[PDB]
RNA sequence: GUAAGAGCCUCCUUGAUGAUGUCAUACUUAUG
RNA sequence: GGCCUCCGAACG
RNA sequence: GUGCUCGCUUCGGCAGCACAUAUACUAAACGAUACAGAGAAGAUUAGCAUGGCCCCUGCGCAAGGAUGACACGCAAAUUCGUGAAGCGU
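Protein chains in written order, with the numbering used here: chain A, 85 to 413; chain B, 1363 to 1398; chain C, 9 to 154; chain D, 1401 to 1677; chain E, 6 to 99; chain F, 8 to 229; chain G, 2 to 51.
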């Protein structure tokens, strides 16, 4: 160590800047869907009364109006959606429609007029949108959102209808029955719960550790049974509820579930049920025989879902996938 | 290490700071070396 | 044979070749070999153990006994050394560019400075040695089945 | 027992008053208590400090304050990626890194601060880092500390207090000071920006002289490929290297342009005419 | 064995040598040495295996099997001297 | 600010510290908040030292400034220090300190009635308790190191936090038998491993169950 | 969700998870061998459905 | 009757049915 | 002729 | 810069002594909530134990948080009999 007094002079020179160093039906593909979209199909809709007009919803956030059945070409284009449509809906007559947009914006759409209806919003991103059965007025629509409460919404009155929480899980989809006193509610909690709806109180809840999510939910046209395909690729047919049991049809396996919700299809001859597969193959099932039909691969991409013709006799079944849709005879 | 010294506790207080060497009356090491 | 020194190698290993298997000759009588070094070795070793145990016992016993140590220290610590032998362009100073190095201000009434209290127990491995054992005979059918 | 304290953060003043700190803030990398030394290189410049611990400074082998690349005085990232590949595990779980660092330093018996220097044999990256480094880049490396109060006119003290007026810069591109301070080893950074900026049949070579012979140029250029011939002109102190294939002529061409040091003497090499003149 | 199934096998052979420098156990050293020598490095593997087996303790089935494999490999000339050294290390009627 | 800093360090808001030396559960927190509140030992000790401290503090403050006291200041000083100083807010954390010291305060009452007895007396007749204030001051002279390392190690452990496993075994009671059985099964595993020269590895682990339980039912039964 | 710890191993994102130490054969750095082991390593893992 | 936890402030597979309601008995409720 | 142990707070 | 000394020649001009390198660590998990409620072979629960990549209360190597909570069975490798087909110098 050096001297501290010398370090003081060295610091003083440093401040001075001194540098000195000194017998089953076999349907086949009929025709491709009208037009199409690059983005995956968001929802598959169709005209309930006519059946010829199909409304294709895609992830492109543009509602695609399609004319389909016969002389095959689409309908027109529909815009105005803020973000990708989470769900699609339509009125009983078909001239009016409802839209559920992942922007958390529910926008009704007029179709036959060439343009939509109006733009609306909700509290959270709606996970389900469905029209109200029974009374032909239906000022409210049965819907559901990430808030985990099935809520009907009155529209033409300027404000919604009511909100009711059946379960703590986010409602995946809601399909109201014909009795109008109960509406089947499937939620992300995996618990299938019917809900008394018009009354603020629900109905009942069942099967929380079963029926994984809600990949497919459907009911027979006769209303005797409602089957729901589950994300284990396990189709659980539930005998519909009026009873002490009030559930449980049968068990139908053989499908494929990749986790994406697939639109369930059937042939309502009292015969068949057909739905898409998670791998993209076309799932054909014989139903009333308690066993399926056959698995015929159709779409090259992940199958979004499928639809069926009206109920008269065997006719044809439409199909759709991600990025493209194909109808089968 | 240079760490892990923060707070003390009981029973760790200074104790027996002065040891006790063997007295010539009790045990002597040289007497034990020369012991009979 | 030098491959056994891979990893950390400093002083004490004393297993490479197998020549240490059988001992060397037999027990013999020799003053340096069979007894010990002189008394000055135990005296200097005991004094060194008193210095090391005095420093370690002083730091550990001083920290474990909050007598508040001392005031601070007197390390004026005038440091004349090459700045990492840089040899940079031109000159950053005069000669080795010495600097003044003193102690640090004492600790205030607040004990906390940096609190860790985390958990990282063990986690280093240890270098494996050779077996260094005479292989025995197996138990065959009878002794193993017994 | 001083810190790293390289020549960049030392300053131009031969004498410097430094104040050590026994227990400082925890290291940003090693996350352990260490010593924090403070010094002011400039007259009116703010006092410096070292946020890297002894294990943090020994792991990256960098200055405790400037944290440049090794002793070469370059940016850490670029020169580290140029050394071999990476050879580090800063990522996650410092508890697992405390075992590799504790066993690292505890198992390493050869180290030091400055009783040593150089003692290497050339290097692969010494030319790129040497061309990528400047002479004492001490400009605006300490004092300015941009302040928003003087920019809005709300500062009462003004220039009397630190953080002198007109310090800030356009908030568009990296700030060259705190931008590299946001991350540590993660970002590509002006290390990589100035690294890419630093990266950018006959061959004539001048500046040979009596120290350089024809065998040295034939052996140096022969590693690229087969050479057709060599013309050694001692009067002009130049040599023409003719190769059979223009591939090695292009390799040794571009790599031989102001990169050629033969026997410690730089050589200026220009591409051959080949215009039939 | 897990590293030996890899396509590299260089770090698996070097790891086998690291196990040789580790505890030989007179089981995995002779067995693993026979596996490496059977994999490749005939002259080299038999050389390091003969130096290791000739370093710490003699053997019986491993020494006789090593001299048999080294004899059937190419020539029995070196295996004769190695058999005389191994037999001289532990003489017996067998 | 000391108690407000104690409750300020670890966010609680389950009670409020009152300069009366009274912390009350305003929001009335219970369950996990009840288990997380506590502060009934060291914080109650500092509430006692600050209870008598701030007590006599505000007492002399009211004496000097505001309401005139004088003879009433010495009155409430000796009296209130004796009876009130004997009760006050100390209680729990004192224990033998305010027990034997409280008996010393009773002796200070015997000195009170002793000194002034015959001619007259009714209320706080003075007889200043500053001697007993030196008694309790000696209780704070002995306890001040105890509460000094108490608040030092407690406050130091507050910002630091609970360390890793600190051993601290052999709690006696019925736990000494469990350590004797575990340690009994410990050396039995080493000697059991040393019983067979080769044998097997995993086969020795299952023997601890057969020998263990076999000895249990063996000695415990006939 | 919150990145500190989780329902899995702490900090674990299985790239260089847990200390891997290192290995050297004899007094040398093997380069092309490790590159071939990494090439075959990438050849073992393939994208598909199973 | 209640300690704890969670998040929102570019190519495939082995074919067993269903809807009309009431008693002894078993299990789950802080409504006695 | 006298003698007067007593002395509570949490947690659980 | 002040104070002092005519120290040198003007009241102020010049000279000498004494006071002599601050600041920086300067300035700019726990709240709230739905849910459901708790191990030891048929129903209920005493408790104390063992290792952490889990902690709080508690000055504390006292102790306390439903037994404070977390916590299931994979083995380093074979050997002999019967029948059928193909090939064989």
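Quick reminder that beta carbons are idealized off the backbone N, C-alpha and C, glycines included.
For residue 223 of chain F, the enclosing alpha helix (DSSP H) has its first and last residue at 209–227. Each residue's CA atom was taken as its position, placing residue 134 of chain A and residue 149 of chain A some 14 Å apart.
Residue pairing for residue 1598 of chain D: DSSP places it in no beta bridge.
The Cβ of residue 1406 of chain D sits closer than 8 Å to at least one Cβ of chain C.
Under the Cβ distance rule, residue 1380 of chain B does not count among the residues neighbouring chain F, no pair being separated by less than 8 Å. Under the Cβ criterion of 8 Å, residue 160 of chain A is not counted among the residues facing chain D. In chain order, 340 place their CB closer than 6 Å to the CB of residue 363 of chain A, counting only its own chain and leaving out the 5 sequence neighbours on each side. As for any alpha helix (DSSP H) of minimum length 4 sitting wholly inside the stretch 39–99 of chain C, the runs are 39–42 and 47–71, ordered along the chain. Comparing alpha-carbon positions, the option among D:1433, D:1472, D:1623 and D:1483 lying closest to residue 1655 of chain D turns out to be D:1623. Between residue 29 of chain E and residue 68 of chain E, the gap from beta carbon to beta carbon reaches 8 Å or more.
When secondary structure is reduced to three states using DSSP, residue 202 of chain F falls in the coil class, being assigned neither helix nor strand.
Chain E has no Cβ within less than 8 Å of the Cβ of residue 149 of chain C. DSSP places residue 390 of chain A within a strand segment (E or B) once states are collapsed to three. The beta carbon of residue 19 of chain G sits no closer than 8 Å to any beta carbon of chain E. For residue 1438 of chain D against residue 1453 of chain D, the beta-carbon gap comes to about 16 Å, at or over 8 Å, which does not count as contact. Put simply, of A:215, A:294, A:283 and A:242 the residue whose alpha carbon is nearest the alpha carbon of residue 258 of chain A is A:215. Residue 313 of chain A places its beta carbon 8 Å or farther from that of residue 278 of chain A. As the crow flies, the alpha-carbon of residue 1672 of chain D is around 18 Å from that of residue 1614 of chain D.
Assigned with DSSP and collapsed to three states, residue 16 of chain E falls in helix.
In the three-state reduction of the DSSP assignment, residue 336 of chain A falls in the strand class. Annotation: Cβ neighbours of residue 1415 of chain D in chain A (cutoff 8 Å, chain order): 91, 94, 95, 97 and 98. Relative to residue 1449 of chain D, the option among D:1420, D:1475 and D:1473 whose CA is nearest is D:1420.
Within the stretch 106–125 of chain C, the residues whose Cβ lies closer than 8 Å to some Cβ of chain A are 106 and 108, listed in chain order. Closest in alpha carbon position to residue 1571 of chain D, among D:1653, D:1461 and D:1546, is D:1546. For residue 150 of chain A, the secondary structure class from DSSP, reduced to helix, strand or coil, is strand. Per DSSP, the unbroken beta strand (DSSP E) holding residue 365 of chain A starts and ends at 365–370. By alpha-carbon distance to residue 1618 of chain D, the top candidate from D:1511, D:1640 and D:1516 is D:1640.
About 6 Å separates the beta carbons of residue 21 of chain F and residue 34 of chain F, which is inside the 8 Å limit, making them a contact pair. Contact between residue 1489 of chain D and residue 17 of chain G is confirmed by a C-beta separation of about 6 Å, below the 8 Å threshold. Per DSSP, residue 61 of chain E lies in no alpha helix (DSSP H) segment and is marked neither H nor E. Nearest to residue 1435 of chain D by C-alpha distance, out of D:1446, D:1411, D:1412 and D:1403, is D:1403. Scanning its chain for C-beta atoms nearer than 7 Å, with the 5 sequence neighbours on each side dropped, one finds around residue 109 of chain F the residues 93, in chain order. The beta carbon of residue 112 of chain A sits closer than 6 Å to those of 413, all from its chain and outside the five residues before and after it, given in chain order.
The three-state reading of DSSP puts residue 53 of chain F in helix, counting H, G and I together. Every beta strand (DSSP E) of 3 residues or more that sits fully in the stretch 218–281 of chain A is shown, in chain order, as 224–229, 234–238, 246–248, 255–260, 267–271 and 276–279. Note that the C-beta distance between residue 404 of chain A and residue 117 of chain A is below 8 Å.
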